[PDB]
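A.B. asks: The following block contains the structure, expressed as structure tokens.
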Amino acid sequence: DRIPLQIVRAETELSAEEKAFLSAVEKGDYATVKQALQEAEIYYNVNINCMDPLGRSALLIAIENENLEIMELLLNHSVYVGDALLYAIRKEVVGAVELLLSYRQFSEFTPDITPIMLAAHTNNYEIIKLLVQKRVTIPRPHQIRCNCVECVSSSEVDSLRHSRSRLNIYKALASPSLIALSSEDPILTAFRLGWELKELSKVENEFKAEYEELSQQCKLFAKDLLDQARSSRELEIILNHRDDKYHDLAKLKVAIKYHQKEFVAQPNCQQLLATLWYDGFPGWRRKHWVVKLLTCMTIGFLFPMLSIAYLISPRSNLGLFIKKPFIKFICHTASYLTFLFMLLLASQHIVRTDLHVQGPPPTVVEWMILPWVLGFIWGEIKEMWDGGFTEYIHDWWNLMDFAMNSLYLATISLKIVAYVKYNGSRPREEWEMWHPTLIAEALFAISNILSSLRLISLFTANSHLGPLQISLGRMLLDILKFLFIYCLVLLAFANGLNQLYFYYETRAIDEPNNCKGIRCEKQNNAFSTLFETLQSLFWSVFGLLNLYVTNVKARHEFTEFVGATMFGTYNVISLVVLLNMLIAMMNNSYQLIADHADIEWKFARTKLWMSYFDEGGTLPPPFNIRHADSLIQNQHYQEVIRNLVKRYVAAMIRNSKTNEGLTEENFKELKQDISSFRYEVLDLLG
Amino acid sequence: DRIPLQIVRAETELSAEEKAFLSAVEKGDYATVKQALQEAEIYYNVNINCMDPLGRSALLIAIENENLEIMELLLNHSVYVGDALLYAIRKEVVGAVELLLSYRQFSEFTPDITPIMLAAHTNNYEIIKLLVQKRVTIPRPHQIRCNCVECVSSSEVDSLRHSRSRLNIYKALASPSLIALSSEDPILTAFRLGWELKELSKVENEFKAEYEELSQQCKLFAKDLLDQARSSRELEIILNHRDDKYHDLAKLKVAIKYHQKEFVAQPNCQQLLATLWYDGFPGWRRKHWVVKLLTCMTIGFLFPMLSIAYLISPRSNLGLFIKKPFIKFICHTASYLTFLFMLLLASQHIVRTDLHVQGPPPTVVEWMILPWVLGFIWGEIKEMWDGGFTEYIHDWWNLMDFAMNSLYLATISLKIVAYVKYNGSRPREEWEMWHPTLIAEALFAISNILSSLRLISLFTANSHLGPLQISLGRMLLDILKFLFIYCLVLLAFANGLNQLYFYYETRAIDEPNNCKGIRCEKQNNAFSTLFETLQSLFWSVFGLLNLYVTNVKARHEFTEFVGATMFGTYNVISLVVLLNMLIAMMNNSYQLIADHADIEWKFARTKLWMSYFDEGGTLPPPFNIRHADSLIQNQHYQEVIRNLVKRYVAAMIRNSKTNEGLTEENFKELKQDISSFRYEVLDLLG
Amino acid sequence: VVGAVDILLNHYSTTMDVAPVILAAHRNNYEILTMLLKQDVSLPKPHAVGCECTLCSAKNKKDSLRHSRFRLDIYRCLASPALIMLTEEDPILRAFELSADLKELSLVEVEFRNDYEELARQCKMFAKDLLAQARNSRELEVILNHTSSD
Ligand SMILES: CC(C)CCC[C@@H](C)[C@H]1CC[C@H]2[C@@H]3CC=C4C[C@@H](OC(=O)CCC(=O)O)CC[C@]4(C)[C@H]3CC[C@]12C
Ligand SMILES: CC(C)CCC[C@@H](C)[C@H]1CC[C@H]2[C@@H]3CC=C4C[C@@H](OC(=O)CCC(=O)O)CC[C@]4(C)[C@H]3CC[C@]12C
Ligand SMILES: [Ca+2]
Ligand SMILES: [Ca+2]
């Protein structure tokens, strides 16, 4: 039939006169509005404070149309001015001044929003400044996880409000313009706030996106201020300022601490660092490709000497040469490279040793390797001590360093132990499975692999390889997640297969050539044990597991079929499905990572360059044997900051004026400008 | 030093008086302009036909600001009006009326642009209508490959001009407005023009994008007119209109011929076709999936019954049932499936025929399969006859039909050639390599592969598999292109390896188990002959070629090494390089293809449905046993076209008005408008 | 403003004698540039990154950042289509050559690569556009068969 339509939640309606009054305000007819007001004062026929269907009153209509003439008229007739200031601040106009000067239920603004908060949210420097000129305060948000304060225990009541209110406060404290106007050190404030906001993003699972966005706003603000630097003198004053030695790039270090990657990667900042890095190599990069190689190789070859000189006469031409950051890097890399070469010499077994001697005396090459090992150890020790465990723990490569070193230690221990005991010699075959010498050799091999793969870190120093290394790392996180799923599937099929074939396990002796396992000429007993089943399934992923392993000797057809079917389903789920899915996932991330590859790489490279910029550094083999000042510094920083802020605010405004489209509100404003204009002229001409 | 900066493109500067005159025009001060004009007459101190450095003369400056009053003033006085009409058309002003009404080098318009062309390029229905009202003509564009006309064969005079001129005529002829106003069948012309433009895109490689853009424009226009249909009566009148029986969906057919995919996929069009397709099963859409399933199954099962009834008495109710298209589809699919089942039985002991009777008698199963085979071939013949070689050939699947049928014929022939000339029953092992029976079996099997793959065609029918089928088919094209690249890679390495190992070939006898080749337990002589080399490299892509195939018996280390290196490089290039690239390529293609799958799928499905809509249809097994009216029809079409064109013009305007930002020029006009008003008011009030 | 530029003449800060032109060029305004270039101007030549005399060493010592910005600004000016059109006899060749230089600099001045590369692309596009303006094939021939070498 027909669905009747009615207004269910009805609301009071405007009388004809009232409708006309509001209509005049939308047309800007001062005369009619004025008259209506005056008449209302007399005949009391119109509620000056009436409301439109959308809930907007006259003052609100005037504010939106931005007709200050009419606004004044209405205010003079004492119209309810509740929340009007907030609406004006949102419109970002000078009507705010009027309402403030004019001083003394439905709102589009939550009950918590205060004039300053909204101004901050709008980021209008001028309006913010006006409000701040008069005493204004933004509540300090309690520290993350501040239950002690029973005030935080208000979350029990209306948590929604609690959460929103907090976000609103932070959304304000994180306004570039407020930080500019209020904070003493705008840069440091942003750094810190951006971090707290990140932490909150985590704690407040919901509203995470908002906090993260606010954090990025802060980070970009800092970069933008830096970008407004024009001279090196300024850049140095900013990057070397210590809040409270100086000349230690303190602010840059703080940035690295707060993972302010964009700031650390700003072109001008990177330029300064380079000058420090390539000290002594004027235009090293400019040096012809080959030339560079030549110089690097030569210096590397001379690493021991340079090292020795520093050891001999720190204050000598040569002694000073090693102190240069680039030289340190060249030397410290050449040292590691020679270490790896020594390990290679072992492969070729240049110094061959009898395979029968138990715990032989450490071979010649070994001794040579021993120092480097010790040097690396003490190095890590120094790092830990100097940087504190927290920082050392943070570094992921430190884990690899720790592992590599630990393996080298055990290798040595066993080598030693095998010497005191097992002093005699027996045919290797007789040696028990866990003979110390045997175990040591295995540990050594594993360590060698780890050591050589530590060179990946050096890629960060290369313009081409670095970005890739960084991207890979980011993707690795996701790969790990995928691995967990794969593992679960493996375990499942492993349990199942083992459950079916364990009834048919056979003895090694029985097996041909007394060989039992998936690694024998004729694979056998592949699913007999869980340990073996797990191995078999892993190798299947690479196609190295033959299909004949799915048949039982007794030839029970049904079982074998179920077994093959389970193995087959595993192959499909693992190779056809999961493996392929990983490709899709990795493609998705690589795409994203690619967006921010450079900043990531440069942040990483800086960290590396900075490490060498320090003074405590010698290669691993030879590694083991006045308030006045602050006042001036701060004054200068403040001057530079003042200028940077000034030029930043202007830029932002200019960008807006020239890089923003005209929205409908703009049309309405123009239409009103002409309308009010018309009415006035007509009245004058009439 | 310093780099001097001097003006080399010297240009005369406007006198202060002159310059001032021009400025007044830009501000809209009619008075000042008027005075200047009058004074210049008497005094002659300013050429009213002067120009800005930007080539903007007064009339032009006025046209752009669209001040018709100043335009009239200027025109009244003797101001050169060269090319002004064209500017007034480019800007799409309707002040063109004034210029047309007046009638008394370094041009921004090529010497070929005539007002009608420019208006067409702008697509302003109004402006175009004005000009067309006065007799106007656009030169004919000589057809593609019209070199015969020495006129075009004289392009030697100026090719770029010829080509450009040609594009300009088409850019005009392909304007939706000109086609609306000047063409008798706007829909047909757009179809045809679209095709020609497509063809030109190919012949004129340069300007390919341009011609292709124009073609899409024509295709979009036709779809849009269709979308302006508001009743099914109109839709029928349009789709069933024959230019010159009627009521055969003629235009729908022409649209399929010209590949007007969008027109065909238009919702309304699809709906009409659906009604025709599902005739006999009203509500089939509402039918529950299960119910549907049931209906389909029953019909398919009874396919033989329905097939016969028709033959016996088409008029019979049952005879009538098979005539319905959807039925035909279902019946014809069942017949094919039955056929495929027959083929499956052939490989079984269903008939358990002997295997040593060279030239055996056809088995019952084979006998039954024969009828179908005959029907399929006959169907093809009819298809060719009823559709012409062109259509038949065009269809890709007709190729597979041909192959399948041809093989199913050679099979028959070879079978016969074997019944004769082979009455014995010698051991299969004694049979020669090319014994006819062996060849026959091979052909039959190959065809059984093709036959079962033809089912992929049916997918177009389903709403889920259809789109997938289409997308994959498109991607196949990409793969084909890659294969060409790979092929060269294969050929290179094939020749190299053959050239290296051909000396070391050995007789099969020498080989173990008298087996020589890659398909032998001990792969041997895999690179000895070229053909083997190609096959071996092909298989190596799938890891079915063992690495021991690269070692020469004599054990010549150098040769073997060169060979292994060559084989390895091939594997890297093919498996690690080309293969991975193909994956990336394909990823991109799918993203794009996916977008147009629907229009691609629906077009495909419609062609399928249309095939059955036709009247000549019986399943393959039982396959082989007035001027007055025209005028009225055309009148109706013209009536509908009039309405559709009107609706289209209006809709396009609305869209242009509701979806177009205010460009800077627009703003300038408003400013000039206020400026002029100001001057006028100031004068009257002053 | 143009009008204002006119009035002022009628009666950051990488320099001042040529900054008006440098900015105008960045403003890519043919008209304003035409006005300014009326009075002889001579942009300083950006010494190559190779120099080591106080010519550059001193500056690169006092303010490396300013020096670098200065050179970028000069090039941002020289690579303005308007300036090339007004001041170059063969606008196309200049665009070709300058594009090459602006690329080399991208390599050298790794810090501002993106900036120097944008300028290069700008020059490349300019030349393409100027060719696009050809209408007959006689013009095309004159353009594509012309040499700046005697
Ligand atoms: C490819 C095979 C033979 C393995 C070779 C192992 C090493 C000999 C390679 C692997 C990674 C290389 C390093 C990759 C990164 C760099 C950065 C490179 O510096 C630059 O590229 C730019 C100049 C700068 O470092 O400031 C100095 C050489 C070094 C340490 C390379 C030294 C030689 C390394 C250790
Ligand atoms: C998956 C294995 C067992 C192979 C099975 C082979 C056939 C039994 C399948 C393969 C493709 C199927 C066809 C795919 C497409 C369709 C369209 C389908 O129609 C619809 O999906 C929508 C209704 C409509 O056709 O109008 C009718 C069944 C049919 C012919 C299917 C019938 C059964 C087919 C031939
Ligand atoms: Ca470490
Ligand atoms: Ca066919």
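By convention in this document, the chains of the structure tokens carry letters A, B, ... by their order, each chain's residues are numbered from 1, and ligands are numbered from 1 in the order they are shown.
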Quick check: residues of chain A within 12 Å of chain B, only C-alpha atoms, returned as a JSON list (two decimals) with N, CA and C atoms, in the first residue's frame.

C.D. replies:
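Output file selection_14.json is given in full below:
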```
[["chain", "number", "residue", "atom", "x", "y", "z"],
["A", 542, "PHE", "N", 60.68, -28.21, 0.16],
["A", 542, "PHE", "CA", 61.67, -27.94, -0.88],
["A", 542, "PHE", "C", 61.71, -29.06, -1.91],
["A", 543, "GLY", "N", 60.81, -30.02, -1.79],
["A", 543, "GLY", "CA", 60.75, -31.10, -2.77],
["A", 543, "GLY", "C", 61.81, -32.15, -2.61],
["A", 544, "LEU", "N", 62.47, -32.16, -1.46],
["A", 544, "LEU", "CA", 63.55, -33.10, -1.25],
["A", 544, "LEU", "C", 63.05, -34.35, -0.54],
["A", 580, "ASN", "N", 52.25, -18.98, -1.15],
["A", 580, "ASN", "CA", 51.78, -17.96, -2.08],
["A", 580, "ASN", "C", 51.25, -16.75, -1.33],
["A", 583, "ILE", "N", 53.75, -14.32, -0.37],
["A", 583, "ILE", "CA", 54.14, -13.45, -1.46],
["A", 583, "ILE", "C", 53.24, -12.23, -1.48],
["A", 584, "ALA", "N", 51.94, -12.45, -1.38],
["A", 584, "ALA", "CA", 51.00, -11.34, -1.43],
["A", 584, "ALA", "C", 51.24, -10.39, -0.28],
["A", 587, "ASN", "N", 54.39, -8.43, -0.71],
["A", 587, "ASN", "CA", 54.24, -7.42, -1.75],
["A", 587, "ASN", "C", 53.53, -6.21, -1.20],
["A", 588, "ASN", "N", 52.54, -6.43, -0.34],
["A", 588, "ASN", "CA", 51.80, -5.33, 0.24],
["A", 588, "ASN", "C", 52.71, -4.45, 1.07],
["A", 661, "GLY", "N", 41.40, 24.89, -1.98],
["A", 661, "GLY", "CA", 40.26, 25.16, -2.84],
["A", 661, "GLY", "C", 39.18, 25.93, -2.11],
["A", 662, "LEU", "N", 38.21, 26.43, -2.85],
["A", 662, "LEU", "CA", 37.14, 27.21, -2.25],
["A", 662, "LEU", "C", 35.95, 26.33, -1.97],
["A", 663, "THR", "N", 35.61, 26.16, -0.70],
["A", 663, "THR", "CA", 34.49, 25.31, -0.33],
["A", 663, "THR", "C", 33.18, 26.06, -0.34],
["A", 664, "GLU", "N", 32.08, 25.33, -0.22],
["A", 664, "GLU", "CA", 30.76, 25.94, -0.27],
["A", 664, "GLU", "C", 30.57, 27.07, 0.72],
["A", 666, "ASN", "N", 32.52, 29.26, 1.45],
["A", 666, "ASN", "CA", 33.02, 30.47, 0.82],
["A", 666, "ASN", "C", 31.96, 31.09, -0.07],
["A", 667, "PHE", "N", 31.28, 30.27, -0.85],
["A", 667, "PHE", "CA", 30.21, 30.78, -1.71],
["A", 667, "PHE", "C", 29.17, 31.45, -0.87],
["A", 670, "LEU", "N", 30.27, 34.91, 0.20],
["A", 670, "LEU", "CA", 30.18, 35.89, -0.86],
["A", 670, "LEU", "C", 28.75, 36.25, -1.15],
["A", 674, "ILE", "N", 27.10, 40.13, -0.90],
["A", 674, "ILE", "CA", 26.34, 40.85, -1.91],
["A", 674, "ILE", "C", 24.95, 41.14, -1.40],
["A", 681, "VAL", "N", 22.21, 49.32, 0.27],
["A", 681, "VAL", "CA", 22.12, 50.31, -0.78],
["A", 681, "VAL", "C", 20.68, 50.64, -1.09],
["A", 685, "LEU", "N", 19.07, 54.26, -0.93],
["A", 685, "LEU", "CA", 18.47, 54.83, -2.14],
["A", 685, "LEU", "C", 16.97, 54.95, -1.98]]
```

A.B. asks: Quick one: residues within 10 Å of ligand 2, with only C-alpha atoms and all ligand atoms, as an NGL selection string?

C.D. replies: :B and (274 or 277-278 or 284-285 or 289 or 292-293 or 296-297 or 326-327 or 329-330 or 332-334 or 336-337 or 340 or 452-466 or 605 or 609)

A.B. asks: Could you write those residues out with N, CA and C atoms, as a compact mmCIF listing (two decimals), in the first residue's frame?

C.D. replies:
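Final file, out-v7.txt:
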```
# COMPACT_ATOMS: atom_id res chain seq x y z
N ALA B 274 17.67 -10.81 -20.61
CA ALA B 274 17.38 -11.82 -19.62
C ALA B 274 15.97 -12.34 -19.77
N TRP B 277 15.89 -14.64 -22.53
CA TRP B 277 16.64 -15.84 -22.23
C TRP B 277 15.87 -16.79 -21.34
N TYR B 278 15.28 -16.27 -20.27
CA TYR B 278 14.60 -17.14 -19.31
C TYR B 278 13.13 -17.32 -19.60
N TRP B 284 12.38 -17.22 -12.48
CA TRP B 284 13.54 -18.06 -12.32
C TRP B 284 14.50 -17.35 -11.39
N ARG B 285 14.50 -16.02 -11.45
CA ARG B 285 15.36 -15.25 -10.57
C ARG B 285 14.97 -15.47 -9.12
N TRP B 289 17.82 -21.39 -5.00
CA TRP B 289 18.92 -22.01 -5.70
C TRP B 289 18.67 -23.50 -5.83
N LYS B 292 16.02 -24.11 -8.40
CA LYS B 292 16.64 -23.97 -9.69
C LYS B 292 17.37 -25.24 -10.01
N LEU B 293 18.30 -25.60 -9.14
CA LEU B 293 19.10 -26.78 -9.40
C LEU B 293 18.21 -27.91 -9.85
N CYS B 296 16.86 -27.52 -13.44
CA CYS B 296 17.88 -27.74 -14.44
C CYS B 296 18.15 -29.21 -14.60
N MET B 297 18.32 -29.91 -13.48
CA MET B 297 18.66 -31.31 -13.55
C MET B 297 17.62 -32.07 -14.34
N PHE B 326 16.94 -20.72 -22.92
CA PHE B 326 17.58 -21.28 -21.74
C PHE B 326 17.56 -22.78 -21.86
N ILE B 327 16.43 -23.33 -22.26
CA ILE B 327 16.35 -24.76 -22.46
C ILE B 327 17.43 -25.19 -23.43
N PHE B 329 20.12 -24.09 -24.14
CA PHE B 329 21.42 -24.09 -23.51
C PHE B 329 21.56 -25.33 -22.65
N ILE B 330 20.58 -25.56 -21.79
CA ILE B 330 20.65 -26.70 -20.89
C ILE B 330 20.70 -28.00 -21.66
N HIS B 332 21.66 -28.49 -24.74
CA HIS B 332 22.91 -28.60 -25.48
C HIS B 332 24.10 -28.86 -24.58
N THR B 333 24.04 -28.40 -23.34
CA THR B 333 25.12 -28.68 -22.40
C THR B 333 25.07 -30.13 -21.98
N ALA B 334 23.88 -30.66 -21.76
CA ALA B 334 23.74 -32.05 -21.37
C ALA B 334 24.25 -32.97 -22.46
N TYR B 336 26.59 -32.37 -24.56
CA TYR B 336 28.04 -32.35 -24.54
C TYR B 336 28.54 -33.19 -23.40
N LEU B 337 27.94 -33.02 -22.23
CA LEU B 337 28.38 -33.76 -21.07
C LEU B 337 28.19 -35.25 -21.32
N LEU B 340 31.02 -36.42 -23.33
CA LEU B 340 32.26 -36.52 -22.57
C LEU B 340 32.25 -37.78 -21.72
N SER B 452 37.23 -31.86 -23.54
CA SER B 452 36.90 -31.61 -22.15
C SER B 452 37.25 -30.19 -21.73
N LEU B 453 38.12 -29.54 -22.49
CA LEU B 453 38.51 -28.18 -22.17
C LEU B 453 37.51 -27.18 -22.74
N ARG B 454 36.69 -27.64 -23.69
CA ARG B 454 35.70 -26.76 -24.27
C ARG B 454 34.68 -26.36 -23.21
N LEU B 455 34.59 -27.11 -22.14
CA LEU B 455 33.64 -26.81 -21.08
C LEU B 455 33.92 -25.47 -20.43
N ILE B 456 35.16 -25.01 -20.54
CA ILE B 456 35.51 -23.73 -19.96
C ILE B 456 34.64 -22.65 -20.56
N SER B 457 34.24 -22.84 -21.81
CA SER B 457 33.40 -21.86 -22.47
C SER B 457 32.11 -21.67 -21.72
N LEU B 458 31.55 -22.76 -21.22
CA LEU B 458 30.28 -22.70 -20.50
C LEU B 458 30.34 -21.81 -19.28
N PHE B 459 31.53 -21.57 -18.75
CA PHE B 459 31.66 -20.78 -17.53
C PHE B 459 31.06 -19.40 -17.69
N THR B 460 31.20 -18.82 -18.87
CA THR B 460 30.68 -17.49 -19.13
C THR B 460 29.25 -17.37 -18.63
N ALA B 461 28.55 -18.49 -18.55
CA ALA B 461 27.16 -18.47 -18.12
C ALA B 461 27.03 -18.13 -16.64
N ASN B 462 27.80 -18.73 -15.79
CA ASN B 462 27.70 -18.48 -14.36
C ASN B 462 28.19 -17.08 -14.03
N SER B 463 27.70 -16.51 -12.98
CA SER B 463 28.04 -15.15 -12.59
C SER B 463 29.34 -15.11 -11.82
N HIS B 464 29.82 -16.27 -11.40
CA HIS B 464 31.04 -16.31 -10.60
C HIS B 464 32.22 -16.77 -11.42
N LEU B 465 32.05 -17.87 -12.14
CA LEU B 465 33.13 -18.39 -12.96
C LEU B 465 33.30 -17.56 -14.20
N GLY B 466 32.22 -16.99 -14.69
CA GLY B 466 32.27 -16.17 -15.88
C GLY B 466 33.32 -15.08 -15.81
N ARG B 605 28.70 -13.00 -22.17
CA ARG B 605 27.52 -13.79 -21.89
C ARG B 605 26.43 -13.47 -22.88
N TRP B 609 24.21 -15.99 -24.99
CA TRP B 609 22.77 -16.02 -24.96
C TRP B 609 22.21 -15.77 -26.34
```

A.B. asks: May I ask you to extract the residues of chain C within 12 Å of chain A, using only C-alpha atoms, and to give them as a PyMOL selection string?

C.D. replies: chain C and resi 12-14+48-52+57+59-70+104-105+107-115

A.B. asks: Which protein, DNA or RNA residues have an atom within 6 Å of ligand 3, counting only C-alpha atoms and all ligand atoms, as an MDAnalysis selection string?

C.D. replies: chainID A and resid 380 398 401

A.B. asks: Write the residues of the preceding selection, restricted to N, CA and C atoms, as a PDB file, in the first residue's frame.

C.D. replies:
```pdb
ATOM      1  N   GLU A 380      81.846  -5.305  23.070  1.00  0.00           N
ATOM      2  CA  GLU A 380      80.454  -5.401  23.474  1.00  0.00           C
ATOM      3  C   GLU A 380      80.334  -5.021  24.930  1.00  0.00           C
ATOM      4  N   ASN A 398      72.848  -6.195  18.316  1.00  0.00           N
ATOM      5  CA  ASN A 398      73.565  -6.570  19.524  1.00  0.00           C
ATOM      6  C   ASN A 398      73.278  -8.020  19.845  1.00  0.00           C
ATOM      7  N   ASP A 401      75.496 -10.032  17.754  1.00  0.00           N
ATOM      8  CA  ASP A 401      76.841  -9.915  18.284  1.00  0.00           C
ATOM      9  C   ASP A 401      76.974 -10.784  19.516  1.00  0.00           C
TER      10      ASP A 401
END
```

A.B. asks: Neighbours of ligand 4 within 10 Å, counting only C-alpha atoms and all ligand atoms, as a list in words?

C.D. replies: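 Within the 10 Å cut-off, the matching residues are residues 376, 377, 379, 380, 381, 382, 383, 384, 392, 393, 395, 396, 397, 398, 399, 400, 401 and 402 of chain B.
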
A.B. asks: Got time to write the residues from that selection, N, CA, C and O atoms, as a compact mmCIF listing (two decimals), in the first residue's frame?

C.D. replies:
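Result file out35.txt:
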```
# COMPACT_ATOMS: atom_id res chain seq x y z
N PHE B 376 28.63 -32.48 -34.20
CA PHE B 376 29.49 -31.35 -33.90
C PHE B 376 30.06 -30.76 -35.18
O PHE B 376 30.08 -29.55 -35.35
N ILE B 377 30.52 -31.62 -36.07
CA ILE B 377 31.07 -31.14 -37.33
C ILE B 377 29.99 -30.45 -38.13
O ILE B 377 30.21 -29.37 -38.67
N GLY B 379 27.35 -29.00 -37.04
CA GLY B 379 27.05 -27.74 -36.42
C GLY B 379 28.02 -26.70 -36.91
O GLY B 379 27.63 -25.60 -37.28
N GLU B 380 29.30 -27.06 -36.94
CA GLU B 380 30.31 -26.12 -37.38
C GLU B 380 30.04 -25.69 -38.81
O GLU B 380 30.11 -24.51 -39.12
N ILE B 381 29.71 -26.64 -39.67
CA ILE B 381 29.44 -26.32 -41.05
C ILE B 381 28.34 -25.28 -41.11
O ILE B 381 28.49 -24.25 -41.76
N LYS B 382 27.24 -25.55 -40.43
CA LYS B 382 26.14 -24.60 -40.41
C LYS B 382 26.61 -23.26 -39.89
O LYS B 382 26.32 -22.23 -40.47
N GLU B 383 27.33 -23.28 -38.78
CA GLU B 383 27.84 -22.05 -38.21
C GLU B 383 28.55 -21.26 -39.30
O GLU B 383 28.26 -20.09 -39.51
N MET B 384 29.48 -21.91 -39.99
CA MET B 384 30.21 -21.24 -41.04
C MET B 384 29.24 -20.74 -42.09
O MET B 384 29.32 -19.59 -42.52
N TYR B 392 32.73 -16.91 -38.14
CA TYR B 392 33.22 -18.18 -37.63
C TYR B 392 34.68 -18.05 -37.29
O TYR B 392 35.10 -18.39 -36.19
N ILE B 393 35.47 -17.55 -38.24
CA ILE B 393 36.90 -17.44 -38.02
C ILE B 393 37.19 -16.54 -36.83
O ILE B 393 38.02 -16.86 -35.99
N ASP B 395 35.62 -15.97 -34.12
CA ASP B 395 35.47 -16.66 -32.85
C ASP B 395 36.73 -17.44 -32.57
O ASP B 395 37.23 -18.15 -33.43
N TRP B 396 37.25 -17.31 -31.35
CA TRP B 396 38.44 -18.05 -30.98
C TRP B 396 38.11 -19.51 -30.81
O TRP B 396 38.83 -20.38 -31.30
N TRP B 397 37.02 -19.79 -30.11
CA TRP B 397 36.66 -21.19 -29.85
C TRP B 397 36.39 -22.01 -31.09
O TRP B 397 36.61 -23.22 -31.08
N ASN B 398 35.92 -21.38 -32.14
CA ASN B 398 35.71 -22.12 -33.37
C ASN B 398 37.02 -22.77 -33.76
O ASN B 398 37.03 -23.81 -34.40
N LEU B 399 38.13 -22.16 -33.37
CA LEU B 399 39.42 -22.76 -33.66
C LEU B 399 39.55 -24.10 -32.95
O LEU B 399 39.93 -25.09 -33.56
N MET B 400 39.21 -24.13 -31.67
CA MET B 400 39.29 -25.37 -30.91
C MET B 400 38.28 -26.38 -31.43
O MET B 400 38.57 -27.57 -31.49
N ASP B 401 37.11 -25.90 -31.81
CA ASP B 401 36.09 -26.79 -32.35
C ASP B 401 36.66 -27.44 -33.57
O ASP B 401 36.53 -28.64 -33.77
N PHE B 402 37.32 -26.65 -34.40
CA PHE B 402 37.90 -27.17 -35.62
C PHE B 402 38.93 -28.23 -35.29
O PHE B 402 38.90 -29.33 -35.84
```

A.B. asks: To one decimal in Å, tell me the separation between CA of residue 366 (chain A) and CA of residue 342 (chain A).

C.D. replies: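 For CA of residue 366 (chain A) relative to CA of residue 342 (chain A), the distance reads 8.4 Å.
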
A.B. asks: Using only C-alpha atoms, which residues sit within 12 Å of region 421-436 of chain A once same-chain residues fewer than 5 positions away are excluded, as a list in words?

C.D. replies: residues 354, 355, 356, 357, 358, 359, 360, 361, 410, 411, 412, 413, 414, 415, 416, 441, 442 and 443 of chain A
